[PDB]
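A.B. asks: Mind having a look at this structure? Questions to follow.
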Amino acid sequence: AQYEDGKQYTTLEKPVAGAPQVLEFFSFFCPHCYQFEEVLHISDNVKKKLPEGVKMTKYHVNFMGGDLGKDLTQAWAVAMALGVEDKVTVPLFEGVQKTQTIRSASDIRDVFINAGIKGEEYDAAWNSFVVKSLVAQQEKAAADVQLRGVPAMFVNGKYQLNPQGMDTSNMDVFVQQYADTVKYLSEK
């Protein structure tokens, strides 16, 4: 067939009940994740092609970058809680990988401040139990799918995208194949 299990996607032998419809994992330390988000805009092109009524969830992971890596999962929880993801995603990626000016929790905080989030507001969120549970949600989703590498995308807790079965000669064409595959899986 055109889409075949084991080629553009794999099926989880051990399906995850109650998972988000479309779930993407990344790390701000992850070089391919930087490409995905900053150069390819995968999340966005996927979204533009998802059928109506299917929402997109994106979580940060702990297993890259050590201590700063966990800080970034907590910051991403703050980003989700305040709804400021589209204001901090670019400066966090560039701060960690381009300028390498993010070296501490305080440097992460600076990015949110630069972005117009008030200090009081950031700190209150950082220390909140609502953010603690969002950190918990991210860690559990990653644990549920055996997650050991990023970037990664899962559809309905049952299917995992397999971009390595895709031509990358053209960047535009790869992104749409990726997006079209997510839509296919989402209609399954």
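Residue names in the structure tokens use chain letters A, B, ... in the order shown, residue numbers from 1 in each chain, and ligand numbers from 1 in the order shown.
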Using only C-alpha atoms, find each residue in region 35-74 of chain A having at least one atom no more than 8 Å away from region 168-187 of chain A; report its shortest atom-to-atom pair and that distance in Å (one decimal), rows by chain then rising number, as CSV.
C.D. replies:
residue,atom,partner,partner_atom,distance
A:40,CA,A:175,CA,6.6
A:41,CA,A:175,CA,7.9
A:42,CA,A:175,CA,6.2
A:45,CA,A:179,CA,6.1
A:46,CA,A:179,CA,4.4
A:47,CA,A:179,CA,8.0
A:49,CA,A:183,CA,6.5
A:50,CA,A:183,CA,5.6
A:51,CA,A:183,CA,7.0
A.B. asks: Output N, CA, C and O atoms of each residue in that selection to a file, as an mmCIF file, in the first residue's frame.
C.D. replies:
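This went into again-v1.cif:
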data_model
loop_
_atom_site.group_PDB
_atom_site.id
_atom_site.type_symbol
_atom_site.label_atom_id
_atom_site.label_comp_id
_atom_site.auth_asym_id
_atom_site.auth_seq_id
_atom_site.Cartn_x
_atom_site.Cartn_y
_atom_site.Cartn_z
ATOM 1 N N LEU A 40 11.911 23.619 9.450
ATOM 2 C CA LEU A 40 10.856 22.829 8.798
ATOM 3 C C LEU A 40 9.427 23.228 9.206
ATOM 4 O O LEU A 40 8.491 23.036 8.437
ATOM 5 N N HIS A 41 9.260 23.746 10.426
ATOM 6 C CA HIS A 41 7.954 24.107 10.978
ATOM 7 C C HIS A 41 6.943 22.957 10.907
ATOM 8 O O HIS A 41 5.797 23.131 10.479
ATOM 9 N N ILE A 42 7.389 21.796 11.377
ATOM 10 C CA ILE A 42 6.607 20.559 11.363
ATOM 11 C C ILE A 42 5.286 20.696 12.110
ATOM 12 O O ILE A 42 4.209 20.393 11.556
ATOM 13 N N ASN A 45 2.766 22.829 10.127
ATOM 14 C CA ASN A 45 2.252 22.248 8.892
ATOM 15 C C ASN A 45 1.362 21.038 9.146
ATOM 16 O O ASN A 45 0.388 20.807 8.423
ATOM 17 N N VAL A 46 1.684 20.283 10.189
ATOM 18 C CA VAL A 46 0.799 19.233 10.672
ATOM 19 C C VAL A 46 -0.561 19.823 11.048
ATOM 20 O O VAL A 46 -1.604 19.331 10.624
ATOM 21 N N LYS A 47 -0.536 20.911 11.815
ATOM 22 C CA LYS A 47 -1.754 21.538 12.329
ATOM 23 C C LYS A 47 -2.682 22.009 11.227
ATOM 24 O O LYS A 47 -3.893 21.819 11.290
ATOM 25 N N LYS A 49 -3.161 20.780 8.529
ATOM 26 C CA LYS A 49 -3.767 19.678 7.790
ATOM 27 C C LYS A 49 -4.561 18.715 8.650
ATOM 28 O O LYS A 49 -5.155 17.766 8.138
ATOM 29 N N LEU A 50 -4.594 18.947 9.955
ATOM 30 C CA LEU A 50 -5.373 18.064 10.814
ATOM 31 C C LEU A 50 -6.854 18.298 10.598
ATOM 32 O O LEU A 50 -7.293 19.447 10.477
ATOM 33 N N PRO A 51 -7.634 17.201 10.549
ATOM 34 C CA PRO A 51 -9.086 17.308 10.374
ATOM 35 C C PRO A 51 -9.673 18.067 11.549
ATOM 36 O O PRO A 51 -9.007 18.188 12.576
#
A.B. asks: Return the single residue from A:123, A:155, A:98, A:35 that is closest to residue 17 (chain A), with distances computed using only C-alpha atoms.
C.D. replies: A:155
A.B. asks: Check the DSSP output for the backbone and give back, as number ranges by chain, the residues of region 5-171 of chain A in strand (DSSP E).
C.D. replies: A: 9-11, 22-26, 56-60, 152-155, 159-161
A.B. asks: Hey, which of A:8, A:74, A:62, A:104 ends up closest to residue 128 (chain A)? Count only C-alpha atoms.
C.D. replies: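 Answer, going by the shortest atom-to-atom distance: A:74.
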A.B. asks: Figure out the distance between CA of residue 57 (chain A) and CA of residue 69 (chain A), please, to one decimal in Å.
C.D. replies: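 CA of residue 57 (chain A) lies 19.2 Å from CA of residue 69 (chain A).
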A.B. asks: So, with only C-alpha atoms as the atoms that count, which of A:59, A:28, A:36, A:129 lies closest to residue 108 (chain A)?
C.D. replies: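 Distance minimum relative to residue 108 (chain A) lands on A:28.
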